[PDB]
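Each step along the sequence shown adds one to the number in the deposited numbering, with nothing skipped, and position 165 is 165.
We treat Cβ as the ideally placed atom computed from N, Cα and C, and that holds for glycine.
These notes concern the structure reproduced below.
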Amino acid sequence: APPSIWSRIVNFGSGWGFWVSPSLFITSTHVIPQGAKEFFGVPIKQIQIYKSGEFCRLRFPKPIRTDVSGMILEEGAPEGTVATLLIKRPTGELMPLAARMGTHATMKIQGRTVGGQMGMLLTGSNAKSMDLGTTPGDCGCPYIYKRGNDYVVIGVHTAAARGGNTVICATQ
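Right under this line is the structure:
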């Protein structure tokens with residue numbers, strides 16, 4: 001994917017999040033650190049926080065990433081869409097993982113109940129290795145697809161099955 005996209009993926013608590021716009025940031029609820037006072041300098045109470053499932057969406061009172069143009073964010077992709085999960089790792093590896101997007105669904109995973117738009121990685125037979133598939137620290141990395149000339153953000157990675165291939169894109 002373009003570099004204008006990858007620079008939007010910064011660290012956030014125990015994973016990642018993504019600057020949709022200068023003002024608008026998405027991540028996984030399970031990566032948000034417990035009772036911080038502040039996010040990106042701004043105090044918690046001045047941020048508009050929206051949560052649906054494990055999907056989290058911060059809108060800041062002033063612009064923070066003046067460098068990025070605003071993207072399209074949608075409530076998931078059409079069923080069957082091949083999307084990319086844009087994984088960053090701590091040592092700066094960029095790992096675009098192709099995923100066929102399924103329907104909204106609920107699973108028990110990593111000892112808990114999750115929902116969102118389900119997907120399968122198109123990365124191998126059994127993407128259990130972090131060479132081929134996700135790792136717990138990838139939570140909050142974004143799912144994007146190209147619709148003609150626009151890039152569309154559909155949400156963030158929040159969980160993966162033990163099988164390696166099945167994954168949840170938290171949405172809305």
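### Query
Helix, strand or coil for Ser4 per DSSP?
Taking the sequence shown and counting its residues from 1, the one referred to as residue 4 is at position 4. In the structure shown, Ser4 sits in a helix (DSSP, three-state: H, G or I).
### Task
For the segment 8-35, list the beta strand (DSSP E) runs that are entirely contained and at least 3 residues long, ordered along the chain.
9-12, 15-19 and 24-28
### Query
Cα-Cα, which of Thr29, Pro22, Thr81 and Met71 is closest to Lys62?
Numbered from 1 along the sequence shown, position 62 holds the residue referred to as residue 62. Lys62 has its Cα closest to that of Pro22, out of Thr29, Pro22, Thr81 and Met71.
### Task
Check whether the segment 113-121 touches the segment 86-102, counting contact only when three or more Cβ pairs, one atom from each stretch, lie closer than 8 Å.
yes
### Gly137 in three-state terms, based on DSSP
Looking up residue 137 in the sequence shown gives position 137. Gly137: helix per DSSP, three-state reduction.
### Query
Are there 16 or more other CB atoms within 10 angstroms of the CB of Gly164, so buried, or fewer, so exposed?
The residue you call residue 164 lines up with position 164 of the sequence shown. Per the 10 Å Cβ criterion, buried.
### Task
Kindly give me the distance between the Cβ atoms of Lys37 and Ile44, rounded to whole angstroms, as I take these residues to be in contact under 8 Å.
Taking the first residue of the sequence shown as 1, we reach residue 37 at position 37. Taking the first residue of the sequence shown as 1, we reach residue 44 at position 44. About 6 Å separates the Cβ atoms of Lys37 and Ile44, confirming a contact at the 8 Å cut-off.
### Query
For the 8 Å Cβ check, are there 3 or more pairs between the segment 128-139 and the segment 55-73?
no
### Exposed unless 16 or more other CB atoms sit within 10 angstroms - verdict on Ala159
Taking the first residue of the sequence shown as position 1, residue 159 is located at position 159. Buried: at least 16 other Cβ atoms inside 10 Å.
### Task
Could you spell out the range, first to last residue, of the beta strand (DSSP E) harbouring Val68?
The count along the sequence shown starts at 1 and reaches residue 68 at position 68. Note, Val68: premise wrong, no beta strand (DSSP E); not H, not E.
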